[PDB]
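With mmCIF, C-alpha atoms inside, this is input.cif:
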data_my_file
#
loop_
_atom_site.group_PDB
_atom_site.id
_atom_site.type_symbol
_atom_site.label_atom_id
_atom_site.label_comp_id
_atom_site.auth_asym_id
_atom_site.auth_seq_id
_atom_site.Cartn_x
_atom_site.Cartn_y
_atom_site.Cartn_z
ATOM 1 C CA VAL A 1 26.567 6.906 88.074
ATOM 2 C CA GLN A 2 23.170 5.951 86.722
ATOM 3 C CA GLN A 3 23.903 8.594 84.169
ATOM 4 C CA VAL A 4 26.831 6.489 83.033
ATOM 5 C CA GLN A 5 24.430 3.914 81.620
ATOM 6 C CA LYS A 6 22.442 6.639 79.875
ATOM 7 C CA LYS A 7 25.562 8.068 78.220
ATOM 8 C CA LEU A 8 26.844 4.660 77.121
ATOM 9 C CA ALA A 9 23.401 3.722 75.762
ATOM 10 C CA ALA A 10 23.309 7.009 73.827
ATOM 11 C CA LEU A 11 26.912 6.636 72.623
ATOM 12 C CA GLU A 12 26.037 3.258 71.094
ATOM 13 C CA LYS A 13 22.869 4.570 69.417
ATOM 14 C CA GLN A 14 24.849 7.357 67.735
ATOM 15 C CA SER A 15 27.600 4.961 66.633
ATOM 16 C CA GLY A 16 25.284 2.662 64.706
ATOM 17 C CA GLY A 17 27.107 -0.389 66.048
ATOM 18 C CA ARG A 18 27.155 -2.750 69.047
ATOM 19 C CA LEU A 19 29.211 -1.700 72.084
ATOM 20 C CA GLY A 20 30.715 -3.823 74.844
ATOM 21 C CA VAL A 21 32.261 -2.406 78.014
ATOM 22 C CA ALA A 22 33.487 -3.844 81.301
ATOM 23 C CA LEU A 23 35.255 -1.706 83.873
ATOM 24 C CA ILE A 24 36.728 -3.085 87.078
ATOM 25 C CA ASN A 25 37.792 -0.557 89.694
ATOM 26 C CA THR A 26 40.327 -2.425 91.822
ATOM 27 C CA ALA A 27 39.965 0.193 94.558
ATOM 28 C CA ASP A 28 36.718 -1.391 95.782
ATOM 29 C CA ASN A 29 36.049 -4.110 93.188
ATOM 30 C CA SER A 30 33.039 -2.247 91.781
ATOM 31 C CA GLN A 31 32.215 -2.665 88.051
ATOM 32 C CA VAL A 32 30.669 -0.782 85.116
ATOM 33 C CA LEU A 33 28.944 -3.250 82.747
ATOM 34 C CA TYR A 34 27.396 -2.707 79.305
ATOM 35 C CA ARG A 35 26.633 -5.871 77.309
ATOM 36 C CA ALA A 36 29.446 -7.283 79.460
ATOM 37 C CA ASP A 37 28.372 -10.886 78.904
ATOM 38 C CA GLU A 38 27.913 -10.783 75.112
ATOM 39 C CA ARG A 39 30.573 -12.260 72.793
ATOM 40 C CA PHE A 40 32.722 -10.124 70.456
ATOM 41 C CA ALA A 41 35.447 -11.116 67.981
ATOM 42 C CA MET A 42 38.658 -10.449 69.907
ATOM 43 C CA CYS A 43 40.826 -9.848 66.841
ATOM 44 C CA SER A 44 44.302 -8.622 67.808
ATOM 45 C CA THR A 45 43.368 -8.352 71.525
ATOM 46 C CA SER A 46 43.668 -12.146 71.563
ATOM 47 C CA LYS A 47 47.422 -11.664 71.287
ATOM 48 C CA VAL A 48 47.630 -10.848 75.016
ATOM 49 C CA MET A 49 46.400 -14.285 76.147
ATOM 50 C CA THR A 50 48.704 -15.821 73.517
ATOM 51 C CA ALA A 51 51.822 -13.958 74.674
ATOM 52 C CA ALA A 52 50.947 -14.792 78.287
ATOM 53 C CA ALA A 53 50.855 -18.510 77.411
ATOM 54 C CA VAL A 54 54.488 -18.262 76.284
ATOM 55 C CA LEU A 55 55.475 -16.338 79.449
ATOM 56 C CA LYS A 56 53.842 -19.078 81.503
ATOM 57 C CA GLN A 57 56.119 -21.587 79.755
ATOM 58 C CA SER A 58 59.189 -19.516 80.645
ATOM 59 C CA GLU A 59 58.388 -20.045 84.333
ATOM 60 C CA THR A 60 59.369 -23.716 83.933
ATOM 61 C CA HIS A 61 61.689 -23.896 80.919
ATOM 62 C CA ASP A 62 64.590 -21.558 81.652
ATOM 63 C CA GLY A 63 65.788 -19.388 78.767
ATOM 64 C CA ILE A 64 62.862 -20.330 76.521
ATOM 65 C CA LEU A 65 62.329 -16.656 75.613
ATOM 66 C CA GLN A 66 65.801 -16.728 74.014
ATOM 67 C CA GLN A 67 64.836 -19.631 71.739
ATOM 68 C CA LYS A 68 65.039 -18.770 68.041
ATOM 69 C CA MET A 69 62.825 -19.402 65.007
ATOM 70 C CA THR A 70 63.755 -18.600 61.404
ATOM 71 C CA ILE A 71 61.752 -16.113 59.328
ATOM 72 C CA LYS A 72 61.050 -17.205 55.751
ATOM 73 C CA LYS A 73 59.597 -14.985 53.034
ATOM 74 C CA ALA A 74 56.762 -17.528 52.844
ATOM 75 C CA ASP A 75 55.882 -16.764 56.475
ATOM 76 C CA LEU A 76 55.009 -13.143 55.706
ATOM 77 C CA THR A 77 51.313 -12.319 55.847
ATOM 78 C CA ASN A 78 49.209 -9.141 55.430
ATOM 79 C CA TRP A 79 50.917 -7.202 58.247
ATOM 80 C CA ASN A 80 54.658 -7.644 58.930
ATOM 81 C CA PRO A 81 55.996 -4.309 60.255
ATOM 82 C CA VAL A 82 58.843 -6.022 62.137
ATOM 83 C CA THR A 83 59.164 -9.587 60.813
ATOM 84 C CA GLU A 84 59.732 -8.431 57.231
ATOM 85 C CA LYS A 85 63.070 -6.960 58.340
ATOM 86 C CA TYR A 86 64.295 -10.397 59.417
ATOM 87 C CA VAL A 87 63.447 -12.466 56.318
ATOM 88 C CA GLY A 88 66.160 -15.091 55.902
ATOM 89 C CA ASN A 89 67.200 -14.537 59.512
ATOM 90 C CA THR A 90 66.048 -15.481 63.017
ATOM 91 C CA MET A 91 64.053 -13.928 65.868
ATOM 92 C CA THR A 92 63.821 -14.914 69.535
ATOM 93 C CA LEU A 93 60.499 -15.699 71.190
ATOM 94 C CA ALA A 94 61.014 -12.448 73.132
ATOM 95 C CA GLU A 95 61.351 -10.396 69.937
ATOM 96 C CA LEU A 96 58.325 -12.134 68.396
ATOM 97 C CA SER A 97 56.268 -11.489 71.523
ATOM 98 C CA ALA A 98 57.339 -7.855 71.482
ATOM 99 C CA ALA A 99 56.630 -7.532 67.769
ATOM 100 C CA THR A 100 53.107 -8.919 68.099
ATOM 101 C CA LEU A 101 52.094 -6.934 71.188
ATOM 102 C CA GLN A 102 53.535 -3.483 70.453
ATOM 103 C CA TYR A 103 53.153 -3.399 66.650
ATOM 104 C CA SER A 104 50.439 -6.041 66.280
ATOM 105 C CA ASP A 105 52.643 -7.884 63.792
ATOM 106 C CA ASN A 106 50.597 -10.715 62.245
ATOM 107 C CA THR A 107 53.515 -12.904 61.154
ATOM 108 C CA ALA A 108 54.895 -12.760 64.699
ATOM 109 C CA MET A 109 51.549 -14.008 66.043
ATOM 110 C CA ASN A 110 51.570 -17.056 63.758
ATOM 111 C CA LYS A 111 55.140 -17.801 64.819
ATOM 112 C CA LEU A 112 54.087 -17.903 68.463
ATOM 113 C CA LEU A 113 51.100 -20.084 67.518
ATOM 114 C CA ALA A 114 53.448 -22.563 65.859
ATOM 115 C CA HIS A 115 55.691 -22.635 68.923
ATOM 116 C CA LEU A 116 52.721 -23.274 71.246
ATOM 117 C CA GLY A 117 51.176 -25.935 68.990
ATOM 118 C CA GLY A 118 48.131 -24.021 67.755
ATOM 119 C CA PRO A 119 45.184 -21.915 69.060
ATOM 120 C CA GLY A 120 43.737 -24.869 70.969
ATOM 121 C CA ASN A 121 46.687 -24.542 73.347
ATOM 122 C CA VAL A 122 46.007 -20.847 74.024
ATOM 123 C CA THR A 123 42.405 -21.790 74.802
ATOM 124 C CA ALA A 124 43.689 -24.399 77.249
ATOM 125 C CA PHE A 125 45.895 -21.808 78.949
ATOM 126 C CA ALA A 126 42.861 -19.527 79.292
ATOM 127 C CA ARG A 127 41.045 -22.396 80.995
ATOM 128 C CA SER A 128 44.027 -22.930 83.300
ATOM 129 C CA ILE A 129 43.545 -19.445 84.806
ATOM 130 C CA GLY A 130 39.779 -19.804 85.284
ATOM 131 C CA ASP A 131 38.539 -18.270 82.005
ATOM 132 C CA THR A 132 35.666 -20.340 80.574
ATOM 133 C CA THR A 133 34.582 -17.767 77.979
ATOM 134 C CA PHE A 134 37.758 -17.114 75.966
ATOM 135 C CA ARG A 135 38.365 -19.247 72.870
ATOM 136 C CA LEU A 136 40.931 -19.044 70.067
ATOM 137 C CA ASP A 137 40.262 -21.068 66.896
ATOM 138 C CA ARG A 138 42.328 -19.771 63.939
ATOM 139 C CA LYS A 139 45.582 -17.987 63.099
ATOM 140 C CA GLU A 140 46.471 -14.777 61.230
ATOM 141 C CA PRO A 141 44.777 -13.306 59.306
ATOM 142 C CA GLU A 142 41.610 -15.493 59.295
ATOM 143 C CA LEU A 143 40.894 -14.937 63.013
ATOM 144 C CA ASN A 144 39.797 -11.383 62.163
ATOM 145 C CA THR A 145 36.724 -12.329 60.055
ATOM 146 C CA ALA A 146 34.462 -11.161 62.941
ATOM 147 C CA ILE A 147 31.332 -12.547 61.217
ATOM 148 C CA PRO A 148 28.110 -11.676 63.134
ATOM 149 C CA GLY A 149 26.801 -14.704 65.009
ATOM 150 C CA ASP A 150 30.106 -16.580 64.652
ATOM 151 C CA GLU A 151 31.580 -17.620 68.012
ATOM 152 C CA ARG A 152 35.005 -18.506 66.659
ATOM 153 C CA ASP A 153 37.803 -16.486 68.278
ATOM 154 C CA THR A 154 35.457 -14.526 70.588
ATOM 155 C CA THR A 155 35.100 -13.654 74.299
ATOM 156 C CA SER A 156 33.080 -11.284 76.490
ATOM 157 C CA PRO A 157 34.015 -7.892 77.911
ATOM 158 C CA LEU A 158 33.682 -8.904 81.558
ATOM 159 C CA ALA A 159 35.644 -12.129 81.068
ATOM 160 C CA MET A 160 38.523 -10.498 79.193
ATOM 161 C CA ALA A 161 38.725 -7.786 81.853
ATOM 162 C CA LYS A 162 39.009 -10.341 84.649
ATOM 163 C CA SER A 163 41.666 -12.376 82.800
ATOM 164 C CA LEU A 164 43.683 -9.244 82.105
ATOM 165 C CA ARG A 165 43.491 -8.328 85.810
ATOM 166 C CA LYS A 166 44.644 -11.843 86.708
ATOM 167 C CA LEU A 167 47.558 -11.678 84.272
ATOM 168 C CA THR A 168 48.771 -8.151 85.072
ATOM 169 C CA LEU A 169 47.819 -7.668 88.738
ATOM 170 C CA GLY A 170 46.919 -11.101 90.106
ATOM 171 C CA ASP A 171 48.694 -14.440 90.431
ATOM 172 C CA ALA A 172 48.041 -16.050 87.008
ATOM 173 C CA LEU A 173 51.707 -15.374 86.175
ATOM 174 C CA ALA A 174 54.881 -15.320 88.295
ATOM 175 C CA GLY A 175 56.598 -12.063 89.287
ATOM 176 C CA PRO A 176 59.181 -11.723 86.437
ATOM 177 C CA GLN A 177 56.696 -12.793 83.762
ATOM 178 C CA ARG A 178 53.959 -10.504 85.125
ATOM 179 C CA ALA A 179 56.352 -7.537 84.976
ATOM 180 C CA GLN A 180 57.450 -8.398 81.440
ATOM 181 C CA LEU A 181 53.826 -8.496 80.249
ATOM 182 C CA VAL A 182 53.121 -5.151 81.915
ATOM 183 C CA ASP A 183 56.174 -3.609 80.258
ATOM 184 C CA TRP A 184 55.111 -4.942 76.853
ATOM 185 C CA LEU A 185 51.582 -3.545 77.199
ATOM 186 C CA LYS A 186 52.978 -0.166 78.306
ATOM 187 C CA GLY A 187 55.160 -0.070 75.200
ATOM 188 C CA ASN A 188 52.326 -0.599 72.740
ATOM 189 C CA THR A 189 52.580 1.863 69.866
ATOM 190 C CA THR A 190 49.117 1.335 68.337
ATOM 191 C CA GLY A 191 46.788 2.555 71.115
ATOM 192 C CA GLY A 192 47.183 6.268 70.455
ATOM 193 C CA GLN A 193 43.584 6.919 69.281
ATOM 194 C CA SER A 194 41.704 4.511 71.514
ATOM 195 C CA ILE A 195 41.319 4.143 75.295
ATOM 196 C CA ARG A 196 44.333 6.401 75.847
ATOM 197 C CA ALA A 197 42.651 9.211 73.880
ATOM 198 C CA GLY A 198 39.871 9.323 76.450
ATOM 199 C CA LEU A 199 42.160 9.705 79.465
ATOM 200 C CA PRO A 200 44.112 12.589 81.107
ATOM 201 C CA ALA A 201 47.511 12.738 79.387
ATOM 202 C CA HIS A 202 49.624 12.060 82.487
ATOM 203 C CA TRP A 203 47.875 8.804 83.482
ATOM 204 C CA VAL A 204 50.020 5.661 82.848
ATOM 205 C CA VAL A 205 48.568 3.001 80.536
ATOM 206 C CA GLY A 206 49.263 -0.442 79.111
ATOM 207 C CA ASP A 207 47.048 -1.774 76.294
ATOM 208 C CA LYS A 208 46.521 -3.951 73.214
ATOM 209 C CA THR A 209 44.375 -2.888 70.252
ATOM 210 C CA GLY A 210 42.237 -4.919 67.853
ATOM 211 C CA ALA A 211 40.817 -4.408 64.356
ATOM 212 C CA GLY A 212 38.935 -6.711 61.990
ATOM 213 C CA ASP A 213 36.203 -6.951 59.359
ATOM 214 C CA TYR A 214 32.749 -5.478 60.105
ATOM 215 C CA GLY A 215 34.674 -2.492 61.422
ATOM 216 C CA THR A 216 35.386 -4.359 64.646
ATOM 217 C CA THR A 217 37.380 -1.959 66.800
ATOM 218 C CA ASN A 218 38.706 -3.138 70.181
ATOM 219 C CA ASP A 219 41.158 -2.303 72.940
ATOM 220 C CA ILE A 220 41.847 -3.715 76.417
ATOM 221 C CA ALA A 221 43.899 -2.045 79.119
ATOM 222 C CA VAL A 222 45.087 -1.439 82.650
ATOM 223 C CA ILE A 223 45.008 2.187 83.778
ATOM 224 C CA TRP A 224 46.906 3.793 86.652
ATOM 225 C CA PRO A 225 45.210 7.122 87.516
ATOM 226 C CA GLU A 226 47.954 9.049 89.325
ATOM 227 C CA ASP A 227 48.523 7.377 92.720
ATOM 228 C CA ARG A 228 45.113 5.647 92.949
ATOM 229 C CA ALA A 229 44.107 1.996 92.536
ATOM 230 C CA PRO A 230 44.396 0.588 88.953
ATOM 231 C CA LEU A 231 41.372 0.223 86.652
ATOM 232 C CA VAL A 232 41.006 -2.748 84.275
ATOM 233 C CA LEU A 233 39.004 -1.787 81.193
ATOM 234 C CA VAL A 234 37.646 -3.506 78.095
ATOM 235 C CA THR A 235 35.943 -1.660 75.221
ATOM 236 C CA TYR A 236 34.692 -3.829 72.335
ATOM 237 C CA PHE A 237 32.891 -2.464 69.277
ATOM 238 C CA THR A 238 31.599 -3.991 66.050
ATOM 239 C CA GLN A 239 29.324 -2.875 63.177
ATOM 240 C CA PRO A 240 26.676 -4.207 60.668
ATOM 241 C CA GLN A 241 28.616 -3.671 57.412
ATOM 242 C CA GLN A 242 31.401 -6.106 56.560
ATOM 243 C CA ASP A 243 33.448 -3.271 55.039
ATOM 244 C CA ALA A 244 32.643 -0.663 57.709
ATOM 245 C CA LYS A 245 35.444 1.679 58.799
ATOM 246 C CA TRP A 246 37.117 1.408 62.210
ATOM 247 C CA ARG A 247 35.863 3.637 65.034
ATOM 248 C CA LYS A 248 38.778 4.115 67.421
ATOM 249 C CA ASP A 249 37.011 7.292 68.588
ATOM 250 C CA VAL A 250 34.088 5.284 69.978
ATOM 251 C CA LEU A 251 36.447 3.453 72.358
ATOM 252 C CA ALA A 252 37.994 6.769 73.406
ATOM 253 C CA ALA A 253 34.564 8.206 74.244
ATOM 254 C CA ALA A 254 33.531 5.110 76.162
ATOM 255 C CA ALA A 255 36.791 5.279 78.121
ATOM 256 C CA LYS A 256 36.138 8.880 79.181
ATOM 257 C CA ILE A 257 32.547 8.128 80.262
ATOM 258 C CA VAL A 258 33.470 5.306 82.653
ATOM 259 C CA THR A 259 36.759 6.656 84.027
ATOM 260 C CA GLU A 260 35.563 10.240 84.625
ATOM 261 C CA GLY A 261 36.264 11.112 88.238
ATOM 262 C CA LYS A 262 38.411 8.036 88.889
#
Just give me the structure as structure tokens.
Amino acid sequence: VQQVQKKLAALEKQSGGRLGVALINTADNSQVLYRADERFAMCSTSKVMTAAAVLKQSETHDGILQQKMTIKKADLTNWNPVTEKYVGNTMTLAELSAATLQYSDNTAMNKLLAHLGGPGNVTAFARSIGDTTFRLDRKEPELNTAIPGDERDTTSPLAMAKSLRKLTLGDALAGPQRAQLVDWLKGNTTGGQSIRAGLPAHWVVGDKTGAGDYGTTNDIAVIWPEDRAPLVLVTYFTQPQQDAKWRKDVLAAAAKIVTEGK
């Protein structure tokens, strides 16, 4: 309760980094905030707003998700778990969206950025749903520099939590698109050691992870605790050393602290 703030404060002190948490309990709209208004480098978590921008398009242009793009060996980047299997072939916007959300494929992200016309467009979309904090400035892999004091490609915990609620539970997207985004998040394969690790095994979760220089370790998610009201949670973490190691365990601990008894 008031002991939640003490635990979070102590968890950050032991971590040696800077922690950001925003929890929204949709049961009564109450919130748990820790540095909720400070900016953090989104890293791969920015892929959710990006994918949602494409889904928004599909609401007007029928069959857009079935539109193809060719994959060239010169498109490959530092992380191509899926795209590298299609070199010299094509991929639909649906496959690219899936590849970037569930495997955090970097080449797939840049493909979606090209389709949309650049990061400025994603930023505009954000603005269209009432988010005045979010901002995307670069593509993969540069957007993961996470340099202290740099505002490029950042956002705040509380603002990313609200936008995720709007996209997955609110009216920012239409029915079909909303469901498709929820299914993609639920199929993520990278969140095993983060938020999920701090929750009871049988709870249902949808999330997107993030990792960048300065050991920036993030994760955003929607959590369905048995038959109760869903919880929207954002855990952002970054460190002092540019080459610091990732701390997925710090997000897991923060998750437990704020969702205990929910």
| request: Give as a ChimeraX atom specification the residues that the PyMOL selection byres ((chain A and resi 94) around 9) matches when applied to the coordinates above. | output: /A:64-67,91-93,95-99
Kindly assemble as a Markdown table a list of the range 142-230 of chain A residues that lie within 9 Å of range 11-24 of chain A, each paired with its nearest atom pair and their distance in Å to one decimal, using only C-alpha atoms, sorted first by chain and then by ascending residue number.
| residue | atom | partner | partner_atom | distance |
| --- | --- | --- | --- | --- |
| A:156 | CA | A:20 | CA | 8.0 |
| A:157 | CA | A:22 | CA | 5.3 |
| A:158 | CA | A:22 | CA | 5.1 |
| A:159 | CA | A:22 | CA | 8.6 |
| A:160 | CA | A:22 | CA | 8.6 |
| A:161 | CA | A:22 | CA | 6.6 |
| A:162 | CA | A:24 | CA | 8.0 |
| A:165 | CA | A:24 | CA | 8.7 |
| A:230 | CA | A:24 | CA | 8.7 |
File dump, residues just selected, C-alpha atoms, as a PDB file, keeping the file's coordinate frame:
ATOM      1  CA  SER A 156      33.080 -11.284  76.490  1.00  0.00           C
ATOM      2  CA  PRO A 157      34.015  -7.892  77.911  1.00  0.00           C
ATOM      3  CA  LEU A 158      33.682  -8.904  81.558  1.00  0.00           C
ATOM      4  CA  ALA A 159      35.644 -12.129  81.068  1.00  0.00           C
ATOM      5  CA  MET A 160      38.523 -10.498  79.193  1.00  0.00           C
ATOM      6  CA  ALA A 161      38.725  -7.786  81.853  1.00  0.00           C
ATOM      7  CA  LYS A 162      39.009 -10.341  84.649  1.00  0.00           C
ATOM      8  CA  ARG A 165      43.491  -8.328  85.810  1.00  0.00           C
ATOM      9  CA  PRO A 230      44.396   0.588  88.953  1.00  0.00           C
TER      10      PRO A 230
END
| request: Grab the CA of residue 206 in chain A to CA of residue 124 in chain A distance for me, in Å with one decimal place. | output: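 The value is 24.7 Å.
Among A:112, A:232, A:54, A:147, the residue with the shortest atom-to-atom distance to residue 178 in chain A, counting only C-alpha atoms, is A:54.
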| message | Suppose a student applies the PyMOL selection byres ((chain A and resi 55) around 10) to this structure; what residues should they get, written as a PyMOL selection string? | response | chain A and resi 49-54+56-61+64-65+93-94+97+173-174+176-178+180-181
| said: Starting from the PyMOL selection byres ((chain A and resi 122) around 12), expand the selection into actual residues of this file and give them as a PyMOL selection string. | reply: chain A and resi 46-57+109+112-121+123-129+131+134-139+153
Taking only residues of range 198-223 of chain A that have an atom at most 10 Å from an atom of range 141-145 of chain A, what is each one's shortest atom pair and its distance in Å to one decimal, using only C-alpha atoms, in chain and number order, as a tab-separated table?
residue	atom	partner	partner_atom	distance
A:210	CA	A:144	CA	9.0
A:211	CA	A:144	CA	7.4
A:212	CA	A:144	CA	4.8
A:213	CA	A:145	CA	5.4
A:214	CA	A:145	CA	7.9
A:216	CA	A:144	CA	8.7
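Reported to one decimal place, the separation of CA of residue 33 in chain A from CA of residue 6 in chain A is 12.2 Å.
For the residues A:62, A:249, A:38, A:140, ranking by smallest atom-to-atom distance to residue 194 in chain A using only C-alpha atoms places A:249 first.
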| Who sits within 10 Å of residue 7 in chain A, all atoms listed in the file, same chain under 3 positions skipped, as a list in words | residues 1, 2, 3, 4, 10, 11, 12, 13, 253, 254, 257 and 258 of chain A
Any chance you can output those residues with C-alpha atoms as a PDB file, in the frame of the given file?
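Once written, selection-v3.pdb looks like this:
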ATOM      1  CA  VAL A   1      26.567   6.906  88.074  1.00  0.00           C
ATOM      2  CA  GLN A   2      23.170   5.951  86.722  1.00  0.00           C
ATOM      3  CA  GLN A   3      23.903   8.594  84.169  1.00  0.00           C
ATOM      4  CA  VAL A   4      26.831   6.489  83.033  1.00  0.00           C
ATOM      5  CA  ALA A  10      23.309   7.009  73.827  1.00  0.00           C
ATOM      6  CA  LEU A  11      26.912   6.636  72.623  1.00  0.00           C
ATOM      7  CA  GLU A  12      26.037   3.258  71.094  1.00  0.00           C
ATOM      8  CA  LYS A  13      22.869   4.570  69.417  1.00  0.00           C
ATOM      9  CA  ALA A 253      34.564   8.206  74.244  1.00  0.00           C
ATOM     10  CA  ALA A 254      33.531   5.110  76.162  1.00  0.00           C
ATOM     11  CA  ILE A 257      32.547   8.128  80.262  1.00  0.00           C
ATOM     12  CA  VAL A 258      33.470   5.306  82.653  1.00  0.00           C
TER      13      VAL A 258
END
| query | What residues have an atom no more than 10 Å from (47.2, -1.8, 85.0) in the file's own frame, counting all atoms listed in the file, and can you write them as a ChimeraX atom specification? | reply | /A:26,164-165,167-169,182,185-186,204-207,221-225,229-233
| query | Distance CA of residue 189 in chain A-CA of residue 102 in chain A, one decimal place? | reply |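 Interatomic distance here is 5.5 Å.
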| Which residue gives the smallest distance to residue 86 in chain A among A:146, A:69, A:101, A:27, with only C-alpha atoms counted? |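 Checking each of A:146, A:69, A:101, A:27 against residue 86 in chain A, counting only C-alpha atoms, the winner is A:69.
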| Of the candidates A:240, A:63, A:261, A:130, which shows the shortest atom-to-atom distance to residue 199 in chain A, using only C-alpha atoms? |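 Nearest to residue 199 in chain A: A:261.
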| field | Residue nearest residue 77 in chain A - candidates A:260, A:183, A:105, A:226, atoms counted: all atoms listed in the file | value |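 For residue 77 in chain A, the nearest of the candidates is A:105.
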